[PDB]
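For reference, the structure is listed below as structure tokens.
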Amino acid sequence: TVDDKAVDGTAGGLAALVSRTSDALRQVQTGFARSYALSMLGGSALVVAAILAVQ
Amino acid sequence: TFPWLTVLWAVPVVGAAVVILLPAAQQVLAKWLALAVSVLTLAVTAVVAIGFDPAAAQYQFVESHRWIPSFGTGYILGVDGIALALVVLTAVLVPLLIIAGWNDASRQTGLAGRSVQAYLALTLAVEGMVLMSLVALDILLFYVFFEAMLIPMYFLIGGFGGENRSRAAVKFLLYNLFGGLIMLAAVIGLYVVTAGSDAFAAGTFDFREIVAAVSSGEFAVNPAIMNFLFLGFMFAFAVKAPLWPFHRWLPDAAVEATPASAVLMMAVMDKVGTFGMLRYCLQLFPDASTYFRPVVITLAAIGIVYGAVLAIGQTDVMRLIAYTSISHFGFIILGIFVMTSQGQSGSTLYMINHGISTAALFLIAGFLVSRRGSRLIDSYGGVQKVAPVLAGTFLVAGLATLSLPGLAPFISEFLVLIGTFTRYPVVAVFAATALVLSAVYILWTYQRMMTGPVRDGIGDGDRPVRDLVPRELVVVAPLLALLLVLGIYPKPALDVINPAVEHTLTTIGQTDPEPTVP
Amino acid sequence: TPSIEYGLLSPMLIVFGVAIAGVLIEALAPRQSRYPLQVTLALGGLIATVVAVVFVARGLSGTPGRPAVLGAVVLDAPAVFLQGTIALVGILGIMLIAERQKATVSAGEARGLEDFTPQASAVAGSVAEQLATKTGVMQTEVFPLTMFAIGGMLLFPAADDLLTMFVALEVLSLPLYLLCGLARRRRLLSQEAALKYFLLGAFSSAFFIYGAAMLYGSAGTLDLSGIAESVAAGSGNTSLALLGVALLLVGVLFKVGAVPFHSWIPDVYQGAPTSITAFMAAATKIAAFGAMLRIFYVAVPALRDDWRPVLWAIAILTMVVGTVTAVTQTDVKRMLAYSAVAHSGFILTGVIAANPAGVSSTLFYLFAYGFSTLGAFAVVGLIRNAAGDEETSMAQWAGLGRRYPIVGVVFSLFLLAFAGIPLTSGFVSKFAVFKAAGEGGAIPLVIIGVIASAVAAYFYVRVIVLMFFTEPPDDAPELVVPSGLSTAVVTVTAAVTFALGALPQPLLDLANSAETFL
Amino acid sequence: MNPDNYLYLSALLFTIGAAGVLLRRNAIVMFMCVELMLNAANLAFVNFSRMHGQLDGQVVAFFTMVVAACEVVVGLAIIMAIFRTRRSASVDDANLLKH
Amino acid sequence: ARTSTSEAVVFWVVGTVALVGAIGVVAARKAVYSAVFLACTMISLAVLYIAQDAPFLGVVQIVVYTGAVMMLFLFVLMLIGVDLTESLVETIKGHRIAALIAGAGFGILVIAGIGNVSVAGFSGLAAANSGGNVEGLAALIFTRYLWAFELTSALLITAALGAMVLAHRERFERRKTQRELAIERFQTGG
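Heads up: the sequence lines are chains A, B, C, D and E, in that order.
So that you can map any letter, position 48 of the first sequence is 180 in the working numbering, and since no number is skipped, the others follow by simple counting.
So that you can map any letter, position 270 of the second sequence is 315 in the working numbering, and since no number is skipped, the others follow by simple counting.
So that you can map any letter, position 382 of the third sequence is 417 in the working numbering, and since no number is skipped, the others follow by simple counting.
So that you can map any letter, position 62 of the fourth sequence is 509 in the working numbering, and since no number is skipped, the others follow by simple counting.
So that you can map any letter, position 129 of the fifth sequence is 137 in the working numbering, and since no number is skipped, the others follow by simple counting.
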């Protein structure tokens, strides 16, 4: 039980986490060019990070 | 000055290239040519071993060329006692695995008729890449081959296997490649550290120079960085050579892959993990290895007992042998990391003996599984009556994996256990229990299969269990012969291994503890 | 008067003159003779460009480099390296683009295997489009457009000032905007891809120009060296320098496809013509990364402590989101798109090194990766549904390798290179960038890239599983080899990906010699 | 009036342009918003060139205008092809490639 | 650094026009209104260029963008509609708020980055425009920026090629001539 559920189960849980995160990220590609543009404009994260790099 | 080591690894790869390039119609010629290349590599191994003087310097047959100076790595080969031992193991096994998997690729379709040729070429490429890893005295070269040899075997598992071949192949490759990539992180960290230290002219991968510097104390580095790099190496070598927690991939693949390929994975390739643990981890990171020595020792002993127990609990022959190999890998790692001359020498001889013993036992079980297409233990019974020679060889192999003194593996397990007692007696007893556990999962398996009233369809019908054919006799006889010889007279192999072990223990600032009595 | 270094500017001048000549061929050459001349004029020109570059490389043997047009163009070792890489990749891309249909029974053979719709102005599936296909007409205007792109991508690494980089960025982007909408099949998807790429590229270019404005404001000049003197001299407005760097980075990251800006790549690479996909995924990545190397190693080194933390995050995201999103992608083209997304972050790690090893590793990475990606996309273009549509759903690829062992093996090599398994240029490539990052103080990025590569190996490996370890389905896609041009592309590309992985010191010495900017 | 005010206006204009590209479906409106961003960049160049006592930024404004014209024409071509196939110029409709 | 109060008045009125024009471009629900607002913004920016000692740039702005907005208006009438009043209703869940937030944040951040700059030295343009604003632009364009000027030709050619490849419709889709129509069993009258 330990082998099939703990040792194998930890790796399987990591795989399930990776797969769920992949699905969640893939939902981010809504296919709307304006959504991609919204992500790019939120790329002002870069502007704020570079400006805050002074402090 | 002849490139003996270079040719040793080159021949299998060139042979794979020729084989895969043969016309599909030359399948028989392909089999024979692959066997011939394996035998030629074994002859090269024979000359290398004969010319090797264990009383002489630590590294022999040293070949050196510039390969990638930008990365501080050069094509540097050189075989020591331990590398020589594992090279001999790989060379003696590979032809036997070839004649063992003679018909393994027959029932495949596709590949434009090259399924047999692909099988053989993949086997040869695995053999050569393992050899390159063994004789490589360059850290980056060794990592290159150590990681890459995963791919030929990934194919060899995925193609030429059972229904779960895809899943088991993926799990194997991903586990091992994740470990290898962690070791890549560690390798790059080591390069940065060497570049940051005045001991080297530049960021270096030359194993000998780095070892000399760390021993001489000039290459003094923060213990934290050394700990992390050691852990990076350890993760990869542990997933490769299965240390208890990380063993999980090996059972499935060994089950799914054809028996010859599974043996090539376990007996030969997985050894490379422990080999690396012996050559690099200890001789690159002595202080870190010592600091982590208790934890790794604990993991190895737990793996011994845990694999023994699981093998006991396995209903599947192949899964049982895989877990048995896991427990034996626990023995090997325990003996290597106890840093005792008895321990390390016994664990090297244990790599040899376990390779041969698992090869024999697993191939015999593979023949039995071929006869009747079930891997379930309960599917058999009273096979000893129908196929007396098969049962006799299976029992002999089990005895070998059981660590019986009349056979080779005992000489090693004993040596390892003895070694463990001088530094961790509790752990030594904990592992010694595996002597009982081995009897359990070996003799109970033989009882369930070979003894009792003959099961249905065993001696009759379309799936009878016919005795060993002459080819299986050729596969089996040399393995049992080596087991007998090394059990009775391990003196030559031990004499080769001991100088290397003594060199290593001198390198890492460790010595066999003095006896209690003055 | 101005002095024009014609010998220096020779490659770009040759490409742009060839593009102009190709437009002339379109303008005043009869239909039946247009394609033979264009493919003649284009390929030769690029070959000539390649030749020019090597002579220019000989020209820069003594001096590190030189500006050409009173600034605004500097041919230094990195510039010639990137220009040569782009020239070779353009030759391969145009060999893909020139591939005509496999004349079956009719003479309507017309540049369809290149996947270009006979008349892009026609409504997809209209009677006019069908009649054009039957008549075998091709819009040869593709060849000039492609050439123009190369011209821009040749300049964009070599541009030595903000105005020239912006003009080159537009000059390379507009051709690609147009090309993305000309696919022969799934015309709706290609048109959508063209619209998305145009809209997002125009957005990114607007950011690029606004950042150029801010940098000019801070520095009082727009020659890169002048900007570096200003920022290092502390005379300019530091806040404006930072804001301009960030806004410029927005555009360049869109061009390479960092996760905050990558969203276009999946769709565009899926819907664009497979030939144009292969061409762009290499050429645009190379040109954008060359320009970014120039900006971060020439224009604004002194502000490293200011922009290092940003790229860090981006790289992290790029490697994670790029790889994780690919794990569960089910379309081969889209999976390769996300693979490119991840390798953009891998490159950015070696850019973050901010040390000469960073530049050398980045240049090698771009060369090897561009070649590998071009080959992989060409192969994905060779696979066809029964209806002719490029079969891209991974399920239809089951047993593809078994039915076509040669192409299966080549594509598996490309996938392993992307994963970075040793013996492939992809390994050496990722190793170089990671080594630069670690030696530059960015070891944590090396660890995160290790983890991301471990995650990505899964989706790289599942495709090999589908090719080889699964039996082909009932409706398996057939391999169409339209012309010897595509075969030559595949062979050259795979051979490069393999040789440049086994013996990379050639071209790695050239990468090292290109470690300094003018 | 501090000359810096111009930059703020430019920053505002670009911002609005950006918002436009995110908010308006009609491809022509998106093109006009992109033109707004490019022209804001031009305004920043003109102000900075005035500040630095050189016509460089004014020159750069010409090339930006050229790029804006070429970009608008290319977008018009792409939109014409898409409109022929679909008879709609909305960007949201080009959603086939996704996930 | 404070420019003449006349320049202050010009900036305030004209930039008010420009900002309102951009806002109308984004907000007007009739595309023709948005086109006219764009024309207004371009005109205002041209006026600002002139006011900033950039006569030629402003004048060329007025000219070229008159042309450009005329064509964009034609394309609005073609592809969108003559007086179609678009809904401007958010179709992507919560996208409107996210776009407003991102745009406002980027604007605030860019303003913060710009901050006070002119106080750090504002060298008037008189030394440059002396001898001819257009003369100075010619000196720069054809001396230092000659390569970019040449590449503008590549931009032009690529635009033409895109227009011809994607827009021009070859013979197959050519509309029949009146001459052609009258013929064919006496079409349109039989």
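Each residue gets a CB set at the ideal place from its N, CA and C atoms; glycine is no exception.
Alpha carbon of residue i to alpha carbon of residue j, nearest angstrom
{"i": "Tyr-120 (chain B)", "j": "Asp-251 (chain B)", "result": "9 Å"}
{"i": "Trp-155 (chain E)", "j": "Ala-488 (chain D)", "result": "21 Å"}
{"i": "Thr-358 (chain C)", "j": "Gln-540 (chain C)", "result": "29 Å"}
{"i": "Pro-71 (chain C)", "j": "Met-310 (chain B)", "result": "55 Å"}
{"i": "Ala-442 (chain B)", "j": "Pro-454 (chain B)", "result": "10 Å"}
{"i": "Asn-473 (chain D)", "j": "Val-538 (chain D)", "result": "6 Å"}
{"i": "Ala-489 (chain C)", "j": "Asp-61 (chain E)", "result": "59 Å"}
{"i": "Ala-263 (chain C)", "j": "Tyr-188 (chain B)", "result": "41 Å"}
Distance between beta carbons of residue j and residue i, contact taken as under 8 Å
{"i": "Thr-446 (chain B)", "j": "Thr-369 (chain B)", "result": "6 Å"}
{"i": "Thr-532 (chain C)", "j": "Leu-448 (chain C)", "result": "6 Å"}
{"i": "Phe-116 (chain B)", "j": "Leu-185 (chain B)", "result": "6 Å"}
{"i": "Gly-246 (chain C)", "j": "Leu-277 (chain C)", "result": "Not really, about 10 Å apart at Cβ, beyond 8 Å."}
{"i": "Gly-123 (chain B)", "j": "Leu-53 (chain B)", "result": "Between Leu-53 (chain B) and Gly-123 (chain B) the Cβ distance is about 12 Å, and since that is not below 8 Å, they are no contact."}
{"i": "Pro-331 (chain B)", "j": "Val-259 (chain B)", "result": "7 Å"}
{"i": "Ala-307 (chain C)", "j": "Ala-228 (chain C)", "result": "5 Å"}
{"i": "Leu-230 (chain C)", "j": "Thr-166 (chain E)", "result": "Not a contact, Cβ separation roughly 17 Å."}
{"i": "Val-481 (chain D)", "j": "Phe-90 (chain C)", "result": "Going by Cβ atoms, the distance from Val-481 (chain D) to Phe-90 (chain C) rounds to 41 Å, so no, they are not a contact pair."}
is_contact[residue i, chain G] using C-beta, thresh 8 Å
{"i": "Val-481 (chain D)", "result": "Here chain G cannot be found, since the structure's protein chains are A, B, C, D and E."}
Chain D contact for residue i (CB, 8 Å cutoff)
{"i": "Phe-314 (chain C)", "result": "no"}
{"i": "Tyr-41 (chain E)", "result": "no"}
{"i": "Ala-467 (chain C)", "result": "no"}
Closer than 8 Å to chain C by CB, residue i
{"i": "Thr-532 (chain D)", "result": "yes"}
{"i": "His-176 (chain E)", "result": "yes"}
{"i": "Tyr-104 (chain B)", "result": "no"}
{"i": "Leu-456 (chain D)", "result": "no"}
Minimum Cβ-Cβ distance from residue i to chain A less than 8 Å
{"i": "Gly-102 (chain E)", "result": "no"}
{"i": "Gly-121 (chain E)", "result": "yes"}
{"i": "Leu-87 (chain E)", "result": "no"}
{"i": "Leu-355 (chain B)", "result": "yes"}
{"i": "residue 4 (chain E)", "result": "Residue coverage of chain E in this structure runs from 9 to 198, which leaves residue 4 (chain E) outside it and unanswerable."}
{"i": "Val-521 (chain D)", "result": "no"}
{"i": "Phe-180 (chain E)", "result": "no"}
Chain-order list of residues whose beta-carbon lies under 8 Å from that of residue i (same chain, five-residue window excluded)
{"i": "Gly-461 (chain C)", "result": "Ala-403, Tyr-404, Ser-407, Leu-451, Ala-452, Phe-453, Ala-454, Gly-455, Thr-532, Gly-536"}
{"i": "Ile-233 (chain B)", "result": "none"}
{"i": "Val-74 (chain C)", "result": "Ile-129, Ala-133, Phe-178"}
{"i": "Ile-49 (chain C)", "result": "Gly-80, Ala-83, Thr-84, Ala-87"}
Cβ neighbours of residue i in the same chain (closer than 7 Å, five flanking residues each side left out)
{"i": "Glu-61 (chain C)", "result": "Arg-69, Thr-175, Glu-176, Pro-179"}
{"i": "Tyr-332 (chain C)", "result": "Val-394, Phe-552"}
CB contact below 8 Å: residue i versus chain B
{"i": "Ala-182 (chain A)", "result": "no"}
Indicate whether the contact test is met: 3 or more Cβ pairs, each with one atom in the segment 519–530 of chain D and one in the segment 259–273 of chain C, closer than 8 Å. no
Three or more C-beta pairs below 8 Å linking the segment 313–322 of chain B and the segment 168–176 of chain B: yes
Specify whether the segment 86–104 of chain E and the segment 502–513 of chain D touch according to this definition: at least 3 beta carbon pairs, one from each stretch, less than 8 Å apart. no
Does the segment 517–533 of chain C come within contact of the segment 390–410 of chain C, defined as at least 3 CB pairs closer than 8 Å? yes
Count the CB pairs spanning the segment 156–175 of chain C and the segment 166–182 of chain E that are closer than 8 Å, and state whether there are at least three. yes
Would you call the segment 158–166 of chain E and the segment 313–323 of chain C touching, i.e. three or more CB-CB distances under 8 Å? no
Does the segment 103–111 of chain C come close enough to the segment 140–155 of chain E to have 3 or more Cβ pairs within less than 8 Å? yes
Would you call the segment 208–219 of chain B and the segment 94–111 of chain B in contact, with 3 or more CB pairs under 8 Å? Contact between the segment 208–219 of chain B and the segment 94–111 of chain B is absent, because fewer than three Cβ pairs lie under 8 Å.
Answer yes if the segment 541–559 of chain B comes into contact with the segment 380–399 of chain B, meaning at least three C-beta pairs across the two stretches below 8 Å, and no otherwise. yes
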